[PDB]
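Structure file entry18.txt with compact mmCIF, N, CA and C atoms and all ligand atoms:
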```txt
# COMPACT_ATOMS: atom_id res chain seq x y z
N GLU A 2 98.61 43.32 97.27
CA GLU A 2 98.57 44.49 96.40
C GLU A 2 99.45 45.61 96.96
N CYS A 3 100.74 45.31 97.16
CA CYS A 3 101.71 46.26 97.70
C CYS A 3 102.93 46.45 96.81
N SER A 4 102.72 46.34 95.51
CA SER A 4 103.79 46.55 94.56
C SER A 4 103.19 47.03 93.26
N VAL A 5 104.05 47.58 92.41
CA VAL A 5 103.66 48.04 91.10
C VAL A 5 104.83 47.77 90.17
N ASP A 6 104.51 47.34 88.96
CA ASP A 6 105.49 47.12 87.91
C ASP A 6 105.47 48.34 87.01
N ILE A 7 106.61 49.03 86.92
CA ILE A 7 106.76 50.24 86.13
C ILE A 7 107.75 49.97 85.01
N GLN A 8 107.43 50.44 83.83
CA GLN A 8 108.35 50.37 82.71
C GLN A 8 108.71 51.78 82.28
N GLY A 9 109.98 51.97 81.95
CA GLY A 9 110.44 53.18 81.29
C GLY A 9 110.95 52.78 79.91
N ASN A 10 110.58 53.48 78.84
CA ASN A 10 110.80 52.92 77.50
C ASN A 10 111.61 53.89 76.64
N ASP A 11 111.77 53.53 75.36
CA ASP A 11 112.63 54.31 74.48
C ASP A 11 111.99 55.64 74.09
N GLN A 12 110.67 55.76 74.26
CA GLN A 12 109.92 56.98 74.02
C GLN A 12 109.94 57.92 75.22
N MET A 13 110.77 57.65 76.22
CA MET A 13 110.98 58.57 77.33
C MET A 13 109.72 58.76 78.16
N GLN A 14 108.95 57.69 78.34
CA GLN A 14 107.79 57.69 79.21
C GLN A 14 107.84 56.50 80.17
N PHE A 15 107.34 56.72 81.38
CA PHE A 15 106.92 55.59 82.18
C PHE A 15 105.56 55.10 81.68
N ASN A 16 105.15 53.91 82.09
CA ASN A 16 103.83 53.44 81.67
C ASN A 16 102.70 54.11 82.44
N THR A 17 102.98 54.72 83.60
CA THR A 17 101.98 55.35 84.44
C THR A 17 102.41 56.76 84.80
N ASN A 18 101.42 57.63 85.05
CA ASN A 18 101.62 58.96 85.58
C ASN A 18 100.96 59.13 86.94
N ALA A 19 100.37 58.08 87.50
CA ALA A 19 99.70 58.20 88.79
C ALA A 19 99.72 56.84 89.46
N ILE A 20 100.43 56.73 90.59
CA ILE A 20 100.56 55.50 91.33
C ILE A 20 99.78 55.63 92.62
N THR A 21 98.90 54.68 92.88
CA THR A 21 98.18 54.61 94.15
C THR A 21 98.77 53.51 95.01
N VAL A 22 99.14 53.86 96.24
CA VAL A 22 99.62 52.90 97.24
C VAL A 22 98.46 52.62 98.18
N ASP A 23 98.08 51.35 98.29
CA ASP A 23 97.05 50.92 99.23
C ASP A 23 97.54 51.15 100.65
N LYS A 24 96.79 51.95 101.41
CA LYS A 24 97.19 52.31 102.77
C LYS A 24 97.15 51.14 103.75
N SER A 25 96.66 49.97 103.34
CA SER A 25 96.81 48.79 104.17
C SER A 25 98.21 48.20 104.11
N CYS A 26 99.01 48.62 103.14
CA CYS A 26 100.37 48.11 102.98
C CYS A 26 101.30 48.74 104.01
N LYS A 27 102.19 47.93 104.57
CA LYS A 27 103.26 48.48 105.41
C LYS A 27 104.50 48.84 104.59
N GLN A 28 104.74 48.12 103.50
CA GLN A 28 105.81 48.46 102.57
C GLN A 28 105.25 48.49 101.16
N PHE A 29 105.94 49.19 100.28
CA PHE A 29 105.55 49.27 98.89
C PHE A 29 106.78 49.07 98.02
N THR A 30 106.61 48.34 96.93
CA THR A 30 107.73 47.93 96.09
C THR A 30 107.47 48.39 94.66
N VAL A 31 108.45 49.05 94.05
CA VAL A 31 108.43 49.41 92.64
C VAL A 31 109.39 48.50 91.91
N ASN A 32 108.89 47.79 90.89
CA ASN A 32 109.71 46.93 90.03
C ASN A 32 109.82 47.65 88.69
N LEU A 33 110.95 48.31 88.48
CA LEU A 33 111.22 49.05 87.26
C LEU A 33 111.90 48.15 86.24
N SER A 34 111.48 48.27 84.98
CA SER A 34 112.15 47.59 83.89
C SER A 34 112.20 48.53 82.70
N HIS A 35 113.02 48.15 81.71
CA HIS A 35 113.30 48.97 80.54
C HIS A 35 113.10 48.10 79.31
N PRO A 36 111.89 48.11 78.74
CA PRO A 36 111.60 47.27 77.57
C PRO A 36 112.12 47.82 76.25
N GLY A 37 112.86 48.93 76.27
CA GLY A 37 113.39 49.50 75.05
C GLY A 37 114.64 48.81 74.55
N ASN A 38 115.17 49.37 73.47
CA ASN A 38 116.42 48.93 72.88
C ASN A 38 117.60 49.82 73.25
N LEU A 39 117.36 51.00 73.80
CA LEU A 39 118.45 51.95 73.93
C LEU A 39 119.22 51.73 75.23
N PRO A 40 120.53 51.96 75.20
CA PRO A 40 121.37 51.72 76.38
C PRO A 40 121.21 52.80 77.44
N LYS A 41 121.74 52.50 78.62
CA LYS A 41 121.61 53.36 79.78
C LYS A 41 122.22 54.74 79.56
N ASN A 42 123.25 54.83 78.74
CA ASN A 42 123.95 56.08 78.52
C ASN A 42 123.27 56.96 77.49
N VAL A 43 122.17 56.48 76.89
CA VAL A 43 121.40 57.21 75.90
C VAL A 43 119.99 57.49 76.41
N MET A 44 119.35 56.47 76.97
CA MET A 44 117.96 56.54 77.41
C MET A 44 117.82 55.79 78.72
N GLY A 45 118.72 56.09 79.64
CA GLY A 45 118.66 55.48 80.95
C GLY A 45 117.49 56.00 81.77
N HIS A 46 116.96 55.13 82.62
CA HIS A 46 115.86 55.53 83.47
C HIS A 46 116.07 55.06 84.89
N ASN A 47 115.68 55.90 85.83
CA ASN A 47 115.51 55.50 87.21
C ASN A 47 114.11 55.88 87.62
N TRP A 48 113.73 55.43 88.81
CA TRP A 48 112.46 55.79 89.42
C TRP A 48 112.79 56.39 90.77
N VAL A 49 112.42 57.66 90.95
CA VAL A 49 112.85 58.45 92.09
C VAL A 49 111.62 59.10 92.69
N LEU A 50 111.48 59.01 94.00
CA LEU A 50 110.32 59.52 94.71
C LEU A 50 110.72 60.66 95.65
N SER A 51 110.04 61.79 95.55
CA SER A 51 110.28 62.89 96.47
C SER A 51 108.96 63.61 96.72
N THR A 52 108.99 64.60 97.61
CA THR A 52 107.86 65.50 97.68
C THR A 52 107.85 66.38 96.44
N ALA A 53 106.71 67.02 96.22
CA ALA A 53 106.59 67.92 95.07
C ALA A 53 107.56 69.08 95.18
N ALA A 54 107.77 69.58 96.40
CA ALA A 54 108.67 70.71 96.60
C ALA A 54 110.10 70.36 96.26
N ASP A 55 110.50 69.10 96.42
CA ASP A 55 111.90 68.70 96.28
C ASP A 55 112.24 68.21 94.88
N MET A 56 111.25 67.94 94.03
CA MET A 56 111.53 67.28 92.77
C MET A 56 112.55 68.06 91.95
N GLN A 57 112.33 69.36 91.76
CA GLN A 57 113.19 70.10 90.85
C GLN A 57 114.65 70.06 91.30
N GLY A 58 114.90 70.23 92.60
CA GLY A 58 116.26 70.20 93.10
C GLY A 58 116.90 68.84 92.90
N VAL A 59 116.13 67.78 93.11
CA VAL A 59 116.67 66.45 92.88
C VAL A 59 117.03 66.28 91.41
N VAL A 60 116.16 66.73 90.50
CA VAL A 60 116.42 66.60 89.07
C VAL A 60 117.64 67.40 88.66
N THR A 61 117.71 68.66 89.08
CA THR A 61 118.81 69.53 88.69
C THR A 61 120.13 69.04 89.27
N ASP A 62 120.14 68.71 90.55
CA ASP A 62 121.37 68.19 91.14
C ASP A 62 121.72 66.84 90.57
N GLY A 63 120.72 66.07 90.15
CA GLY A 63 121.00 64.79 89.53
C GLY A 63 121.73 64.94 88.22
N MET A 64 121.28 65.86 87.37
CA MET A 64 121.96 66.12 86.11
C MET A 64 123.42 66.49 86.38
N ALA A 65 123.65 67.32 87.39
CA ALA A 65 125.01 67.75 87.72
C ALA A 65 125.87 66.63 88.29
N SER A 66 125.25 65.58 88.82
CA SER A 66 126.01 64.48 89.41
C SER A 66 126.62 63.56 88.37
N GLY A 67 126.05 63.46 87.18
CA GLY A 67 126.65 62.70 86.11
C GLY A 67 126.19 61.25 86.03
N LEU A 68 126.41 60.68 84.85
CA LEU A 68 126.00 59.31 84.57
C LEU A 68 126.65 58.32 85.53
N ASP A 69 127.91 58.55 85.89
CA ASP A 69 128.60 57.61 86.78
C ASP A 69 127.98 57.55 88.16
N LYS A 70 127.21 58.56 88.55
CA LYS A 70 126.43 58.56 89.78
C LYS A 70 124.94 58.37 89.52
N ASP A 71 124.59 57.76 88.39
CA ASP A 71 123.21 57.46 88.02
C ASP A 71 122.37 58.73 87.90
N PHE A 72 123.03 59.87 87.67
CA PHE A 72 122.35 61.15 87.55
C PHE A 72 121.50 61.43 88.79
N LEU A 73 122.04 61.08 89.95
CA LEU A 73 121.33 61.24 91.21
C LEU A 73 122.35 61.64 92.26
N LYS A 74 122.17 62.81 92.85
CA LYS A 74 123.08 63.27 93.88
C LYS A 74 123.17 62.22 94.99
N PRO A 75 124.37 61.77 95.34
CA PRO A 75 124.48 60.74 96.38
C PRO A 75 124.00 61.26 97.73
N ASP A 76 123.39 60.37 98.50
CA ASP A 76 122.97 60.67 99.87
C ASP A 76 122.05 61.88 99.92
N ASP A 77 121.22 62.05 98.89
CA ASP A 77 120.27 63.15 98.81
C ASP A 77 119.14 62.90 99.80
N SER A 78 119.05 63.77 100.81
CA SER A 78 118.03 63.61 101.84
C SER A 78 116.62 63.81 101.29
N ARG A 79 116.48 64.44 100.13
CA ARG A 79 115.18 64.70 99.55
C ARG A 79 114.58 63.48 98.86
N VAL A 80 115.37 62.44 98.62
CA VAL A 80 114.90 61.27 97.90
C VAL A 80 114.30 60.29 98.91
N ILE A 81 112.98 60.10 98.83
CA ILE A 81 112.29 59.18 99.72
C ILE A 81 112.68 57.74 99.39
N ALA A 82 112.73 57.41 98.11
CA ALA A 82 113.13 56.08 97.64
C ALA A 82 113.56 56.22 96.19
N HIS A 83 114.42 55.30 95.75
CA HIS A 83 114.79 55.33 94.34
C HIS A 83 115.34 53.98 93.92
N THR A 84 115.19 53.67 92.64
CA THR A 84 115.92 52.58 92.01
C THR A 84 117.26 53.10 91.51
N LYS A 85 118.08 52.17 91.02
CA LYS A 85 119.24 52.54 90.24
C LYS A 85 118.82 52.93 88.82
N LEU A 86 119.76 53.54 88.08
CA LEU A 86 119.57 53.86 86.67
C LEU A 86 119.79 52.61 85.84
N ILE A 87 118.87 52.36 84.90
CA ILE A 87 118.91 51.17 84.07
C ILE A 87 118.74 51.52 82.60
N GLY A 88 119.30 50.66 81.76
CA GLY A 88 119.08 50.71 80.34
C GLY A 88 118.31 49.51 79.83
N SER A 89 118.24 49.43 78.50
CA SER A 89 117.51 48.37 77.80
C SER A 89 117.78 47.01 78.41
N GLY A 90 116.71 46.27 78.69
CA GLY A 90 116.80 44.90 79.11
C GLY A 90 117.13 44.68 80.57
N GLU A 91 117.36 45.74 81.33
CA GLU A 91 117.67 45.66 82.74
C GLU A 91 116.40 45.84 83.56
N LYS A 92 116.52 45.56 84.85
CA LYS A 92 115.44 45.79 85.79
C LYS A 92 116.04 46.08 87.16
N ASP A 93 115.25 46.72 88.01
CA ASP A 93 115.69 47.03 89.35
C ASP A 93 114.47 47.27 90.21
N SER A 94 114.53 46.84 91.46
CA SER A 94 113.41 47.02 92.36
C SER A 94 113.83 47.80 93.59
N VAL A 95 112.90 48.56 94.15
CA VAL A 95 113.11 49.21 95.44
C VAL A 95 111.84 49.05 96.28
N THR A 96 112.03 48.83 97.57
CA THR A 96 110.95 48.77 98.54
C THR A 96 111.18 49.86 99.57
N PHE A 97 110.09 50.49 100.00
CA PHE A 97 110.17 51.53 101.02
C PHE A 97 108.99 51.39 101.96
N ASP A 98 109.15 51.98 103.13
CA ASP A 98 108.13 51.95 104.17
C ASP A 98 107.01 52.94 103.86
N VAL A 99 105.77 52.45 103.91
CA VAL A 99 104.60 53.29 103.67
C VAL A 99 104.44 54.38 104.74
N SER A 100 105.06 54.20 105.91
CA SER A 100 105.07 55.27 106.91
C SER A 100 105.74 56.54 106.39
N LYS A 101 106.52 56.47 105.31
CA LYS A 101 107.11 57.67 104.73
C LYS A 101 106.11 58.48 103.94
N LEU A 102 104.93 57.93 103.69
CA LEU A 102 103.86 58.63 103.00
C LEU A 102 102.77 59.05 103.98
N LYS A 103 101.87 59.88 103.49
CA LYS A 103 100.71 60.31 104.25
C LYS A 103 99.56 60.53 103.28
N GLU A 104 98.35 60.22 103.74
CA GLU A 104 97.18 60.49 102.92
C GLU A 104 97.02 61.99 102.68
N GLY A 105 96.44 62.31 101.53
CA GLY A 105 96.11 63.68 101.18
C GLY A 105 97.25 64.44 100.55
N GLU A 106 98.34 63.77 100.16
CA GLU A 106 99.48 64.43 99.56
C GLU A 106 99.87 63.70 98.28
N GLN A 107 100.03 64.45 97.21
CA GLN A 107 100.58 63.88 95.98
C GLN A 107 102.10 64.01 96.03
N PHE A 108 102.79 62.88 96.19
CA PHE A 108 104.24 62.82 96.02
C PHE A 108 104.55 62.75 94.53
N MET A 109 105.80 63.02 94.18
CA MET A 109 106.24 63.01 92.79
C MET A 109 107.20 61.86 92.54
N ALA A 110 106.95 61.12 91.46
CA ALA A 110 107.78 60.02 90.99
C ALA A 110 108.31 60.38 89.61
N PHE A 111 109.62 60.28 89.42
CA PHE A 111 110.20 60.86 88.21
C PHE A 111 111.52 60.15 87.90
N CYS A 112 112.02 60.40 86.69
CA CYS A 112 113.35 59.96 86.27
C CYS A 112 114.27 61.17 86.22
N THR A 113 115.51 61.00 86.66
CA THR A 113 116.46 62.12 86.70
C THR A 113 117.47 62.13 85.55
N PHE A 114 117.37 61.21 84.59
CA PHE A 114 118.24 61.30 83.43
C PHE A 114 117.98 62.61 82.71
N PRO A 115 119.00 63.30 82.24
CA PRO A 115 118.80 64.66 81.73
C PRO A 115 117.69 64.76 80.69
N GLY A 116 116.77 65.68 80.96
CA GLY A 116 115.64 65.96 80.11
C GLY A 116 114.42 65.10 80.35
N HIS A 117 114.59 63.94 80.96
CA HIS A 117 113.51 62.96 80.90
C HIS A 117 112.27 63.41 81.65
N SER A 118 112.44 64.17 82.73
CA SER A 118 111.28 64.52 83.56
C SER A 118 110.32 65.46 82.87
N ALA A 119 110.64 65.96 81.68
CA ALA A 119 109.62 66.62 80.87
C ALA A 119 108.41 65.72 80.69
N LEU A 120 108.62 64.43 80.45
CA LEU A 120 107.52 63.47 80.41
C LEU A 120 107.50 62.49 81.58
N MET A 121 108.67 62.15 82.12
CA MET A 121 108.79 61.08 83.11
C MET A 121 108.63 61.68 84.51
N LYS A 122 107.40 62.08 84.79
CA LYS A 122 107.01 62.68 86.04
C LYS A 122 105.55 62.32 86.22
N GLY A 123 105.15 62.13 87.46
CA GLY A 123 103.78 61.78 87.77
C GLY A 123 103.67 61.72 89.27
N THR A 124 102.48 61.40 89.73
CA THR A 124 102.19 61.46 91.15
C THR A 124 102.21 60.06 91.77
N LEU A 125 102.37 60.04 93.09
CA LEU A 125 102.16 58.86 93.91
C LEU A 125 101.35 59.31 95.11
N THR A 126 100.29 58.56 95.42
CA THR A 126 99.33 58.95 96.45
C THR A 126 98.97 57.73 97.28
N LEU A 127 98.95 57.90 98.59
CA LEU A 127 98.45 56.90 99.53
C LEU A 127 96.94 57.05 99.65
N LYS A 128 96.20 55.98 99.37
CA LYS A 128 94.74 56.02 99.45
C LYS A 128 94.24 54.81 100.23
CU CU A 201 114.64 58.29 82.11
```
Would you write out, as C-alpha cells, the structure that this file holds?
Amino acid sequence: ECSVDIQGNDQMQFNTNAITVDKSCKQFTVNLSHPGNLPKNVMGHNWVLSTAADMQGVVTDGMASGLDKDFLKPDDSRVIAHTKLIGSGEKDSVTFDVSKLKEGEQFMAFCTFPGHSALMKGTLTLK
C-alpha cells in the first residue's frame, strides 16, 4: 500500500483532494492518468507536490514557464516531486522518498496548468 492511482479529467478535477501516505512506506508512487478526451495543450494535467507555503509560487512560475516546459519552472527547488504534463489517454508515474515528508503536516498536491489549481489542489499527509 505505497502507491495511489490519480486521474485528472476533462472537468479539471483530480479524483481525490486528500492523499494519505502510509508511514510504513519508504517510497510512495503516484500513477497519474488522463481519462478525458481533451489534449495536453487544452486540458493538460500534471501532479506536483510542494509545501503549502510554496504552492502559489510554483503555480505562478509554472504558468510563466509555458507549455513547452510543462507549465513547471525547471529545477524548481520547491517541488518535492512531480509527474510530467499529460493529455487525454496518457499516463505518467513518479516515485519519491517518504523521508521527504513528516507527520503532522498537510503538503499540497496540485496541477500547474493555467487555472487548473482552482479545483486541482488538495492535501497529502503522512499518517
Ligand atoms: Cu490540470
Out of A:63, A:116, A:75, A:45, which residue has the shortest atom-to-atom distance to ligand CU 201 (chain A) when counting all atoms listed in the file?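 Between A:63, A:116, A:75, A:45, the residue approaching ligand CU 201 (chain A) most closely is A:45.
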Please identify the residues whose atoms come within 10 Å of ligand CU 201 (chain A), using only C-alpha atoms and all ligand atoms, and report them as number ranges by chain. A: 9-15, 35, 41, 43-48, 72, 86-88, 111-122
Can you write out the residues you just picked, keeping N, CA and C atoms, as a PDB file, in the frame of the given file?
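And here is the file that came out, out34.pdb:
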```pdb
ATOM      1  N   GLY A   9     109.980  51.970  81.950  1.00  0.00           N
ATOM      2  CA  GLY A   9     110.440  53.180  81.290  1.00  0.00           C
ATOM      3  C   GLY A   9     110.950  52.780  79.910  1.00  0.00           C
ATOM      4  N   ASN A  10     110.580  53.480  78.840  1.00  0.00           N
ATOM      5  CA  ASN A  10     110.800  52.920  77.500  1.00  0.00           C
ATOM      6  C   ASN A  10     111.610  53.890  76.640  1.00  0.00           C
ATOM      7  N   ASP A  11     111.770  53.530  75.360  1.00  0.00           N
ATOM      8  CA  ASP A  11     112.630  54.310  74.480  1.00  0.00           C
ATOM      9  C   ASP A  11     111.990  55.640  74.090  1.00  0.00           C
ATOM     10  N   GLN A  12     110.670  55.760  74.260  1.00  0.00           N
ATOM     11  CA  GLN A  12     109.920  56.980  74.020  1.00  0.00           C
ATOM     12  C   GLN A  12     109.940  57.920  75.220  1.00  0.00           C
ATOM     13  N   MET A  13     110.770  57.650  76.220  1.00  0.00           N
ATOM     14  CA  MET A  13     110.980  58.570  77.330  1.00  0.00           C
ATOM     15  C   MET A  13     109.720  58.760  78.160  1.00  0.00           C
ATOM     16  N   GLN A  14     108.950  57.690  78.340  1.00  0.00           N
ATOM     17  CA  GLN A  14     107.790  57.690  79.210  1.00  0.00           C
ATOM     18  C   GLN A  14     107.840  56.500  80.170  1.00  0.00           C
ATOM     19  N   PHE A  15     107.340  56.720  81.380  1.00  0.00           N
ATOM     20  CA  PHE A  15     106.920  55.590  82.180  1.00  0.00           C
ATOM     21  C   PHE A  15     105.560  55.100  81.680  1.00  0.00           C
ATOM     22  N   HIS A  35     113.020  48.150  81.710  1.00  0.00           N
ATOM     23  CA  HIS A  35     113.300  48.970  80.540  1.00  0.00           C
ATOM     24  C   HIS A  35     113.100  48.100  79.310  1.00  0.00           C
ATOM     25  N   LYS A  41     121.740  52.500  78.620  1.00  0.00           N
ATOM     26  CA  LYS A  41     121.610  53.360  79.780  1.00  0.00           C
ATOM     27  C   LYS A  41     122.220  54.740  79.560  1.00  0.00           C
ATOM     28  N   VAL A  43     122.170  56.480  76.890  1.00  0.00           N
ATOM     29  CA  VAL A  43     121.400  57.210  75.900  1.00  0.00           C
ATOM     30  C   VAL A  43     119.990  57.490  76.410  1.00  0.00           C
ATOM     31  N   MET A  44     119.350  56.470  76.970  1.00  0.00           N
ATOM     32  CA  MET A  44     117.960  56.540  77.410  1.00  0.00           C
ATOM     33  C   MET A  44     117.820  55.790  78.720  1.00  0.00           C
ATOM     34  N   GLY A  45     118.720  56.090  79.640  1.00  0.00           N
ATOM     35  CA  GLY A  45     118.660  55.480  80.950  1.00  0.00           C
ATOM     36  C   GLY A  45     117.490  56.000  81.770  1.00  0.00           C
ATOM     37  N   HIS A  46     116.960  55.130  82.620  1.00  0.00           N
ATOM     38  CA  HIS A  46     115.860  55.530  83.470  1.00  0.00           C
ATOM     39  C   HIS A  46     116.070  55.060  84.890  1.00  0.00           C
ATOM     40  N   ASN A  47     115.680  55.900  85.830  1.00  0.00           N
ATOM     41  CA  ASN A  47     115.510  55.500  87.210  1.00  0.00           C
ATOM     42  C   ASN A  47     114.110  55.880  87.620  1.00  0.00           C
ATOM     43  N   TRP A  48     113.730  55.430  88.810  1.00  0.00           N
ATOM     44  CA  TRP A  48     112.460  55.790  89.420  1.00  0.00           C
ATOM     45  C   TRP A  48     112.790  56.390  90.770  1.00  0.00           C
ATOM     46  N   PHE A  72     123.030  59.870  87.670  1.00  0.00           N
ATOM     47  CA  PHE A  72     122.350  61.150  87.550  1.00  0.00           C
ATOM     48  C   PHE A  72     121.500  61.430  88.790  1.00  0.00           C
ATOM     49  N   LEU A  86     119.760  53.540  88.080  1.00  0.00           N
ATOM     50  CA  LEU A  86     119.570  53.860  86.670  1.00  0.00           C
ATOM     51  C   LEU A  86     119.790  52.610  85.840  1.00  0.00           C
ATOM     52  N   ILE A  87     118.870  52.360  84.900  1.00  0.00           N
ATOM     53  CA  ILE A  87     118.910  51.170  84.070  1.00  0.00           C
ATOM     54  C   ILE A  87     118.740  51.520  82.600  1.00  0.00           C
ATOM     55  N   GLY A  88     119.300  50.660  81.760  1.00  0.00           N
ATOM     56  CA  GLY A  88     119.080  50.710  80.340  1.00  0.00           C
ATOM     57  C   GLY A  88     118.310  49.510  79.830  1.00  0.00           C
ATOM     58  N   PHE A 111     109.620  60.280  89.420  1.00  0.00           N
ATOM     59  CA  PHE A 111     110.200  60.860  88.210  1.00  0.00           C
ATOM     60  C   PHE A 111     111.520  60.150  87.900  1.00  0.00           C
ATOM     61  N   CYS A 112     112.020  60.400  86.690  1.00  0.00           N
ATOM     62  CA  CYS A 112     113.350  59.960  86.270  1.00  0.00           C
ATOM     63  C   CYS A 112     114.270  61.170  86.220  1.00  0.00           C
ATOM     64  N   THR A 113     115.510  61.000  86.660  1.00  0.00           N
ATOM     65  CA  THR A 113     116.460  62.120  86.700  1.00  0.00           C
ATOM     66  C   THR A 113     117.470  62.130  85.550  1.00  0.00           C
ATOM     67  N   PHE A 114     117.370  61.210  84.590  1.00  0.00           N
ATOM     68  CA  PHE A 114     118.240  61.300  83.430  1.00  0.00           C
ATOM     69  C   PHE A 114     117.980  62.610  82.710  1.00  0.00           C
ATOM     70  N   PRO A 115     119.000  63.300  82.240  1.00  0.00           N
ATOM     71  CA  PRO A 115     118.800  64.660  81.730  1.00  0.00           C
ATOM     72  C   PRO A 115     117.690  64.760  80.690  1.00  0.00           C
ATOM     73  N   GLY A 116     116.770  65.680  80.960  1.00  0.00           N
ATOM     74  CA  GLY A 116     115.640  65.960  80.110  1.00  0.00           C
ATOM     75  C   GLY A 116     114.420  65.100  80.350  1.00  0.00           C
ATOM     76  N   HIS A 117     114.590  63.940  80.960  1.00  0.00           N
ATOM     77  CA  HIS A 117     113.510  62.960  80.900  1.00  0.00           C
ATOM     78  C   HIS A 117     112.270  63.410  81.650  1.00  0.00           C
ATOM     79  N   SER A 118     112.440  64.170  82.730  1.00  0.00           N
ATOM     80  CA  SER A 118     111.280  64.520  83.560  1.00  0.00           C
ATOM     81  C   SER A 118     110.320  65.460  82.870  1.00  0.00           C
ATOM     82  N   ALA A 119     110.640  65.960  81.680  1.00  0.00           N
ATOM     83  CA  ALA A 119     109.620  66.620  80.870  1.00  0.00           C
ATOM     84  C   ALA A 119     108.410  65.720  80.690  1.00  0.00           C
ATOM     85  N   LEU A 120     108.620  64.430  80.450  1.00  0.00           N
ATOM     86  CA  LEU A 120     107.520  63.470  80.410  1.00  0.00           C
ATOM     87  C   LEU A 120     107.500  62.490  81.580  1.00  0.00           C
ATOM     88  N   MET A 121     108.670  62.150  82.120  1.00  0.00           N
ATOM     89  CA  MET A 121     108.790  61.080  83.110  1.00  0.00           C
ATOM     90  C   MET A 121     108.630  61.680  84.510  1.00  0.00           C
ATOM     91  N   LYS A 122     107.400  62.080  84.790  1.00  0.00           N
ATOM     92  CA  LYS A 122     107.010  62.680  86.040  1.00  0.00           C
ATOM     93  C   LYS A 122     105.550  62.320  86.220  1.00  0.00           C
TER      94      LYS A 122
END
```
Expected answer as a list in words: helix (DSSP H, G or I) residues in chain A: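 Filtering chain A down to helix (DSSP H, G or I) leaves residues 41, 42, 43, 44, 56, 57, 58, 59, 60, 61, 62, 63, 64, 65, 66, 68, 69, 70, 99, 100, 101, 117, 118 and 119 of chain A.
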Best match for closeness to residue 3 (chain A) among A:98, A:104, A:69, A:93, counting only C-alpha atoms: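 Of A:98, A:104, A:69, A:93, the one nearest residue 3 (chain A) is A:98, counting only C-alpha atoms.
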Using all atoms listed in the file, which of the listed residues (A:31, A:103, A:89, A:51) sits closest to residue 128 (chain A)? A:103
So which bits of region 39-126 of chain A end up strand (DSSP E or B) when you DSSP the backbone, as a PyMOL selection string? chain A and resi 46+49-51+82-83+87+92-98+108-111+122-126
